[PDB]
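Heads up, the chain below is alone and in the form deposited in one PDB entry; it's given as structure tokens.
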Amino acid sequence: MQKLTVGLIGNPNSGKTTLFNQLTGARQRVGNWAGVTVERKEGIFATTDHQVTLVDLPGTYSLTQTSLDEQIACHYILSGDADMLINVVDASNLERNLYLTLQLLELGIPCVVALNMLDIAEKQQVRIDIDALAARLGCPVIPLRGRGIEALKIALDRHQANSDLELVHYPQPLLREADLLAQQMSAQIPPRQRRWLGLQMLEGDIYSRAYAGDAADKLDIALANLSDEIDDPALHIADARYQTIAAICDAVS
């Protein structure tokens, strides 16, 4: 059976260790994240086609104060160590969850959404439309009797590449700059990421500057172009992302 490294990532409190313990059972071990004493849990389970190494990522609300759990998930996410991500998403706080989701999706990392706590969503009287959600995100959405798990495993095997949906609608000025920023960036990172990194820099993401290399000192002269062409830049971006999530939610829940 083929090897596959999957990252497990989600918001804190959103059922991420439950999923990990059910998937790996006993075939798990605990180490520390390199250089720190933060715990790194790792595990293995078998799908029809793969033998999967599942790495439990620290629980987080955003990829971009700073935080160590945060620097860890992000650093790992940008490393390419992972062939694919299982994004555990709490159905009963769907909007706040999709924030992390969209980031993974604009990065372009092959992603399977594991939609949980669907019992609480019923009580609280929320219904998500699974497959409408899958169509807007561009990636399979699996609702979790060990059913969800089997369905989740199969999706890991069958899913290869998220659809390119251009999910956020940005001012054209903004994209022009994120792009001009993105060519000052290391060949070492894929295209979609360099775009995302370009946009993060225009948002005031300080952290991201350290991922940008050659594009640190071009933010000021990029902030040159936009002043003409526009602005409120970090404003337009946060907003665009906020409109994109608010509209999926109103369409699917």
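In this text, residue numbers run from 1 along the sequence as written. We call the rigid core the largest set of C-alpha positions that still match within 1.5 Å between the two forms.
The deposited sequence places 4 to 9 unmodelled residues between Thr64 and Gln65. The segment from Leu144 to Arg145 is interrupted, since 1 to 3 residues of the deposited sequence in that interval carry no coordinates. Remark: stretch with higher mean C-alpha B factor among 96-104 and 112-120 is 112-120. The deposited model assigns a higher average Cα B-factor to 165-173 than to the other stretch when 165-173 and 134-142 are compared.
Each of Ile149, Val126, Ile72, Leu156 has a CA temperature factor in the record; the biggest one is found at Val126. Looking at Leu226, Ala26, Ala34, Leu197, the one whose CA carries the top B-factor in the deposited record is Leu226. In the deposited entry, the Cα temperature factor of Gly15 sits in the middle third of values across the chain's modelled residues. Placement of the Cα temperature factor of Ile230 within the chain: highest third of the modelled residues, per the deposited record.
Among the modelled residues of its chain, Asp56 has a C-alpha B-factor that falls in the lowest third according to the deposited record. Looking at the C-alpha B-factors along this chain, the one for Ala82 belongs to the middle third. For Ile44, the recorded CA temperature factor ranks within the lowest third of the chain's modelled residues.
One more form of this protein exists, namely the form deposited in another entry; it is left out here, but the text below deals with it.
Only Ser227, out of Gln51, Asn32, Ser227, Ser186, shows a C-alpha shift of 2 Å or more between the shown form and the other one on alignment of the rigid core. In this overlay on the rigid core, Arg195 has a C-alpha that sits less than 2 Å away from its partner position between the shown form and the other one. Annotation: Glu229/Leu102 CA-CA distance shorter in the other entry than in the displayed model, change of at least 3 Å. CA of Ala178 to CA of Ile221: closer by 3 Å or more in the other entry than in the shown form.
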